[PDB]
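Working notes, beginning with the structure itself.
Protein chains: 4
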Amino acid sequence: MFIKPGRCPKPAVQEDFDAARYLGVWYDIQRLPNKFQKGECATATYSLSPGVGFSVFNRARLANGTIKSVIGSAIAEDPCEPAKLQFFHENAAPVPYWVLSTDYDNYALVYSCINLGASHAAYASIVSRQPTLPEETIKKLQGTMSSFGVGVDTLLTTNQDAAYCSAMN
Amino acid sequence: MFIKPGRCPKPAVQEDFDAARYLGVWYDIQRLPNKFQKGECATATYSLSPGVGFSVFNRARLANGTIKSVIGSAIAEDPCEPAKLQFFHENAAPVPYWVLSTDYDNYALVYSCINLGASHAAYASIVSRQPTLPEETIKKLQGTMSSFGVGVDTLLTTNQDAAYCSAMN
Amino acid sequence: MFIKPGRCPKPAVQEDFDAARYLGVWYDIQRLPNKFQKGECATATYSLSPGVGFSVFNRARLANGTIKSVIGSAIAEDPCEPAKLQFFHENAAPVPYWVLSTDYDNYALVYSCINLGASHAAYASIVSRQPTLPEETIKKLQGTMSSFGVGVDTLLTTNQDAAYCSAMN
Amino acid sequence: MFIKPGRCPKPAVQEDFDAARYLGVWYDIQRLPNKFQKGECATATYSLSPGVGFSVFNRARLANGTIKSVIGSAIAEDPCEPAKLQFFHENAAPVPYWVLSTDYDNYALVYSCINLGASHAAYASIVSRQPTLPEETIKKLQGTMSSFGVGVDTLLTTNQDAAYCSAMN
Ligand SMILES: C=CC1=C(C)/C(=C/c2[nH]c(/C=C3N=C(/C=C4\NC(=O)C(C)=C4C=C)C(C)=C\3CCC(=O)O)c(CCC(=O)O)c2C)NC1=O
Ligand SMILES: C=CC1=C(C)/C(=C/c2[nH]c(/C=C3N=C(/C=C4\NC(=O)C(C)=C4C=C)C(C)=C\3CCC(=O)O)c(CCC(=O)O)c2C)NC1=O
Ligand SMILES: C=CC1=C(C)/C(=C/c2[nH]c(/C=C3N=C(/C=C4\NC(=O)C(C)=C4C=C)C(C)=C\3CCC(=O)O)c(CCC(=O)O)c2C)NC1=O
Ligand SMILES: C=CC1=C(C)/C(=C/c2[nH]c(/C=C3N=C(/C=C4\NC(=O)C(C)=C4C=C)C(C)=C\3CCC(=O)O)c(CCC(=O)O)c2C)NC1=O
Numbered sequence: 001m002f003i004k005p006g007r008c009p010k011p012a013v014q015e016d017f018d019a020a021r022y023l024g025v026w027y028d029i030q031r032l033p034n035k036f037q038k039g040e041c042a043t044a045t046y047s048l049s050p051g052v053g054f055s056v057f058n059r060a061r062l063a064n065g066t067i068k069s070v071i072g073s074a075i076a077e078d079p080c081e082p083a084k085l086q087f088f089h090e091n092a093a094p095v096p097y098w099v100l101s102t103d104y105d106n107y108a109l110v111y112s113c114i115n116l117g118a119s120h121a122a123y124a125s126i127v128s129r130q131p132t133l134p135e136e137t138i139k140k141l142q143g144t145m146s147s148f149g150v151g152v153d154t155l156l157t158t159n160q161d162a163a164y165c166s167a168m169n
Numbered sequence: 001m002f003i004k005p006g007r008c009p010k011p012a013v014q015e016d017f018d019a020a021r022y023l024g025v026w027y028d029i030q031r032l033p034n035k036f037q038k039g040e041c042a043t044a045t046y047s048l049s050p051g052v053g054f055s056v057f058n059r060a061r062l063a064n065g066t067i068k069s070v071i072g073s074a075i076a077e078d079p080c081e082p083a084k085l086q087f088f089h090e091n092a093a094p095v096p097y098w099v100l101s102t103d104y105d106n107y108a109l110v111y112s113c114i115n116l117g118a119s120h121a122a123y124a125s126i127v128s129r130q131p132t133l134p135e136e137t138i139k140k141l142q143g144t145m146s147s148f149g150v151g152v153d154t155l156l157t158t159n160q161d162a163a164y165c166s167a168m169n
Numbered sequence: 001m002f003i004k005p006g007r008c009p010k011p012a013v014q015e016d017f018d019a020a021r022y023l024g025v026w027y028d029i030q031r032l033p034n035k036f037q038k039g040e041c042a043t044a045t046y047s048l049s050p051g052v053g054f055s056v057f058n059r060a061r062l063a064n065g066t067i068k069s070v071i072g073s074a075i076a077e078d079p080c081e082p083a084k085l086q087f088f089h090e091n092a093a094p095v096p097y098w099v100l101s102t103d104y105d106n107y108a109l110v111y112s113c114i115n116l117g118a119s120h121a122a123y124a125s126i127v128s129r130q131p132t133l134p135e136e137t138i139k140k141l142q143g144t145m146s147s148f149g150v151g152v153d154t155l156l157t158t159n160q161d162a163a164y165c166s167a168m169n
Numbered sequence: 001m002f003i004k005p006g007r008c009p010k011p012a013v014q015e016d017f018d019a020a021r022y023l024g025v026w027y028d029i030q031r032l033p034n035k036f037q038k039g040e041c042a043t044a045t046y047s048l049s050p051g052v053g054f055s056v057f058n059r060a061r062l063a064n065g066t067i068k069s070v071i072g073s074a075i076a077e078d079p080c081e082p083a084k085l086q087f088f089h090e091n092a093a094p095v096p097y098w099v100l101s102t103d104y105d106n107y108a109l110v111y112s113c114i115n116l117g118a119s120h121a122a123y124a125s126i127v128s129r130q131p132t133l134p135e136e137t138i139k140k141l142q143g144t145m146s147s148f149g150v151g152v153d154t155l156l157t158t159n160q161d162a163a164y165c166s167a168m169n
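Chains as they are written, first to last, in full-length UniProt numbering: chain G, 1 to 169; chain U, 1 to 169; chain Z, 1 to 169; chain L, 1 to 169.
Shown next as C-alpha cells:
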C-alpha cells in the first residue's frame, strides 16, 4: 500500500451505486504504488453471491509468467451506503473498498484507506471494462483523486500489453 | 435482541471449528426472547460461498402460514478464530455469531452479543439437525448458557410441530 | 437504552462544534425511556482534560436521596467531525455521543445510537444550562427528533424540581 | 511503523495490569524501525486523568536539537482487559497500545499492530524507568517478542546518551 502523512480522507462515493451493474471483469489501468504488488496485467472479476454482496476473483501475471489469483467476498456493511464495501480476501484481514465513480460500462475509480495514527495506507485504482481507457477519462478520474490529495504524478500505469499479458488468456 | 444489564460476556467457542461440517440445515429448538422474532418453525440453512465464508438462508412460518426468509453471508474475520463469525443479513448491520459448542451432526449452541454501554443485547440459540433435540443435550447446553449468566427460565421453546410447520416442507 | 426497529439513523450534527464552549454544567430536561436509568435531577459536567477530548462527570439523585455519579472521557475520534464523540464511562463499553444542535449558552440536543442487526438502541436527550428550558425550544428540538423517527410522546420529562433536587447542590 | 507480510499476531498481555503503577516517566530503550520516527532520547510521561484512563505526553530530541512533543489520552475500551489500551494522540487516528509485560518499577514491553489486508504495521518498544536497562532484561523481553514473530535482529537501540540527550533536561 502507499503510506504517507495525514489521516485518511473521506471522499464522496458513487451515488445510487448498483452492484449488479458492477459485476463482471475490470482491468487495472492505473494505481498508486503498492509495496505488496505481485504482478502486472491485473484483472478483478466480480460475480453473484448467494448471500449478500458479491464474490471477488483477482488475477495477475508475475514477472516469471506464473498467474497469481486470490478469492474474496465484498459486502456493504451499511446497506444505505452500497458503494462503501468491505473486502474479505482469503487469509487477509478486512479492507475497505469505496467505488468513488463508475459508469458501469467503461470505467471505475476505487479507493481504500486505512489509518496508521498520523499517517495512512491507501490503494487507489482506475479500472476499465477494456485493457485500455481513453486519456480523457483517465484525466477526469485523476482530477477526482487530486481533489482529496492523491499525487497523480505518483500513479503507475499497469502493463496491459496484449503480448506480455497473453499468459492471462 | 434481548437487553440485559452488564457488558457482553466472552464465553469459550468450539475448538477446531470446521465450517464445512457445520453447513446444511439447522432447526431452532430454544432461544432467548426476541421482541422482533417473526414466526416459528425457524430453520437456518448454511451453504457454500464462491468467495470466503458461507451463505445463510433462514426461514420461519408466520402466523398466517406465509414463509418469511432472509439471505445473509457469514465470514470469520480472523481465520485463527473460525468459530467467531460476523453475519451480514440483507437490510441488517453486521452482528456477531459465535459457535459456542457443536458436534456438527446433532446440536449447536450459538451466541451473539452487542454492548450497549454498561448493558448488552444478545441472541442465544440451541439448534438441532432434527426438529427435536434430546432433553439431556438441551440440559447440558442450558448449563453452558448459565455459566455466562443466561437465565434458563427466560429461554423459549420453538414450535417445531410437524403439522403446524408443514408449510416449511 | 431504548430498543426500536430499524438500523440507526444518521441525523445532521451541529456545524462548527466548539467543545470549549460546550464545557461546564448541563441539566437533563427530556429524554427517551432508559430501562436502567438511575435517578432524577440528572446533570452532566464537562471539564478540561490534560490529554485530548474532555472529561465527564454525571450526577443523579437516587430515590433514597443518595447522589449517584459516573466518571467518563469524551473524545472526537475524527477531529474533522468534532460533534461526533465517543464517551468512555468507567465500567461501560464505548458509546457514541452526537451533538445534534446547541447554542452553547441555553440548550443542546444529544443523540447516541448502536445498531442491533435490523433494530437499534438509542439515547436522546434535551439538556439546558438551567434546570428548565422554554417550551418553544423544547418544541423545536422535538421537531428535530421527529425528523429522524423519534416518537415525541415516548419522551420523559426529567424531575428538576428545586426542592426534590436540593441534595444535588 | 514497521510493515511486513501477515496479519497482526495477538500476543498475551500483562496479567492484572495496574495503570496507577504504570504512571510516570518511561525511557525508550529499543524498538522496531519506525518510518515515522522523528528523533532520539524519546520519553513517555503518563499522568492522572480526571476521566477514565490516563493522559500521555511524549518528548523526543530531533537531529537539530529541537524537542518534539505530542499529547494524548490512553483508554482501555474493555475494562476487563486493562492492558489493551487505545491511544488518542492530538491530530492522530486511534492506535492500539498493549502492555505485554511490565514490573512497573524497571521495564515494560509495549506492542501496537494494525492490519493492512495480508500485511500489517507495528510498533514494538522496550522501555525503562531509567535511560538504560540491564542486558539480561532486554534479552528476556526480546524472547517474548520472538515468540510472536518479531525479528529481534531488526530492533534499533534508542540514543539515550546523557550528553546527546541533555537538550531534553
Ligand atoms: C483499490 C482497492 C484495492 C483493495 C481493497 C485491494 C486489496 C487487496 N488486493 C489483494 C490482492 C489482489 N488484488 C488484485 C487486483 C485488484 N484488486 C482490486 O481491488 C482491484 C480494483 C484490482 C485490480 C484489477 C490482484 C491481482 C491481487 C492478487 C495478486 C497481488 O497480491 O498483487 C489483497 C490480498 C493480498 C494477498 O492475499 O496476499 C488485498 C488485501 N487492492 C486494491 O487495489
Ligand atoms: C444466535 C445468533 C443469531 C443471530 C446472529 C441472529 C441474527 C439475525 N437473524 C435474523 C433473522 C432470522 N434469523 C432466523 C433464524 C435463525 N437465525 C440464526 O442465527 C439461527 C441459529 C436461526 C435459527 C435456526 C430467521 C428465521 C430469521 C428470519 C425471520 C425473522 O426475522 O425473525 C436477522 C435479520 C432480521 C431482519 O432482516 O429483520 C438477524 C440480524 N439471529 C440469531 O438467532
Ligand atoms: C444522549 C447520550 C447519552 C449517552 C451517550 C449516555 C451514556 C451513558 N450514560 C451513563 C450514565 C449516566 N448518564 C447520566 C446523565 C447524562 N448522560 C448524558 O450523556 C447526558 C446528556 C446526561 C444528562 C445530563 C447520569 C446521571 C448517569 C449516571 C446515573 C445512571 O447511571 O443513570 C452511562 C453509564 C451507566 C453505568 O455506568 O451504569 C452511559 C453508557 N447517556 C446519555 O444520555
Ligand atoms: C509502542 C507503541 C507505540 C504507539 C501506540 C505509538 C504511537 C504514536 N506515537 C506518536 C508520537 C510519539 N511517540 C513517541 C514516543 C513513544 N510513544 C510510545 O508509545 C512510547 C512507548 C514512546 C517512547 C517512549 C514520541 C516521542 C512521539 C512524538 C515524536 C515522533 O513522532 O517521533 C504518534 C503520533 C505522531 C504524530 O502526532 O505525528 C503515534 C500515533 N508509538 C509507539 O511507540
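A virtual CB, placed ideally from N, CA and C, is assigned to each residue, including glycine.
Which residues share a DSSP beta bridge with residue i?
i, result
"residue 56 of chain L", "L/46, L/72"
"residue 119 of chain G", "G/5, G/116"
"residue 109 of chain U", "U/101, U/126"
"residue 67 of chain U", "U/61"
"residue 28 of chain U", "U/127"
"residue 96 of chain U", "U/86"
Please tell me whether, using a cut-off of 8 Å, the distance from the CB of residue i to the nearest non-hydrogen atom of ligand 1 is below it.
i, result
"residue 124 of chain G", "yes"
"residue 118 of chain L", "yes"
Would you say residue i touches ligand 2, meaning its beta carbon is less than 8 Å from a heavy atom?
i, result
"residue 79 of chain G", "no"
"residue 82 of chain Z", "no"
"residue 43 of chain U", "yes"
"residue 96 of chain U", "yes"
"residue 28 of chain U", "yes"
"residue 21 of chain U", "no"
Helix or strand or just coil, what does DSSP make of residue i?
i, result
"residue 20 of chain Z", "helix"
"residue 125 of chain G", "strand"
"residue 155 of chain U", "coil"
"residue 160 of chain Z", "coil"
"residue 37 of chain Z", "coil"
"residue 85 of chain L", "strand"
"residue 136 of chain U", "helix"
"residue 147 of chain L", "coil"
"residue 167 of chain Z", "helix"
"residue 142 of chain Z", "helix"
Using only the heavy atoms of ligand 4, determine whether one of them is closer than 8 Å to the beta carbon of residue i.
i, result
"residue 64 of chain L", "no"
"residue 89 of chain L", "yes"
"residue 52 of chain Z", "no"
"residue 24 of chain L", "no"
"residue 127 of chain L", "yes"
To the nearest whole angstrom, what separates the beta carbons of residue i and residue j, a pair I think is in contact under 8 Å?
i, j, result
"residue 74 of chain U", "residue 57 of chain U", "That pair is no contact at about 11 Å."
"residue 129 of chain Z", "residue 159 of chain Z", "No, residue 129 of chain Z and residue 159 of chain Z are not in contact; Cβ-Cβ is about 18 Å, not under 8 Å."
"residue 124 of chain L", "residue 31 of chain L", "6 Å"
"residue 50 of chain L", "residue 49 of chain Z", "7 Å"
"residue 17 of chain Z", "residue 82 of chain Z", "5 Å"
How about residue i: is its Cβ closer than 8 Å to a heavy atom in ligand 3?
i, result
"residue 111 of chain Z", "yes"
"residue 58 of chain Z", "yes"
"residue 6 of chain Z", "no"
"residue 76 of chain L", "no"
Segment contact, 8 Å Cβ cut-off, at least three pairs: the region 122-141 of chain Z with the region 128-142 of chain U: no
Stretch pair the region 2-20 of chain L + the region 110-121 of chain L: three plus CB contacts closer than 8 Å: yes
Residues of the UniProt domain "Lipocalin/cytosolic fatty-acid binding" (18-159) of chain Z with Cβ closer than 7 Å to any Cβ of chain B, in chain order: The structure shown contains no chain B; its protein chains are G, U, Z and L.
Three or more C-beta pairs below 8 Å linking the region 148-162 of chain G and the region 79-97 of chain U: no
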